[PDB]
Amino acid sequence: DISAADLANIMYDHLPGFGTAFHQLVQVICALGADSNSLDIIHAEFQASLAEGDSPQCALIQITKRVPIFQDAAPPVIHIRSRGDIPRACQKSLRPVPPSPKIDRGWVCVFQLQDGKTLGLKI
């Protein structure tokens, strides 16, 4: 079996840019998949509807819609020290967090500052 880190780097390589929301989503998919022994499934859903099939971003989103661990799953909260600790490329994807945010509905994660303020990352 493939490690979360390795599968992540494989995914990163298909992604335009750096530190985008889709990067953050890769990190979320690989973490949550690892917690569930689903990295196999995920790796294959990424390749199956990769070619062709969908764009890499679309293979990612399709993973959050098709792979069972993500259905009705709340986005993970990531605690950060400052508003600066959010990758610049994520800035144009940040939104206020609504009630009951869902990963399969596009919410990558929720950034929780020290002041208590939250910023949601949406794809």
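Sequential numbering from 1, following the sequence displayed.
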**Q.** Residue stretch of maximal mean CA temperature factor, 91 to 99 vs 47 to 55
**A.** 47 to 55
Q. Out of 24 to 32 and 69 to 77, which one has CA B-factors that are higher on average in the deposited record?
A. 69 to 77
Q.
Using only modelled residues of the chain, where does the Cα B factor of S38 rank: lowest third, middle third or highest third?
A. middle
Q. How does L121 rank on Cα B-factor within its chain, lowest, middle or highest third?
A. lowest
Q. Going by what the PDB entry lists, where does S82 fall on CA B-factor within its chain: lowest, middle or highest third?
A. highest
Q: State the tercile, meaning the lowest, middle or highest third, of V110 with respect to the CA B-factors recorded for its chain.
A: lowest
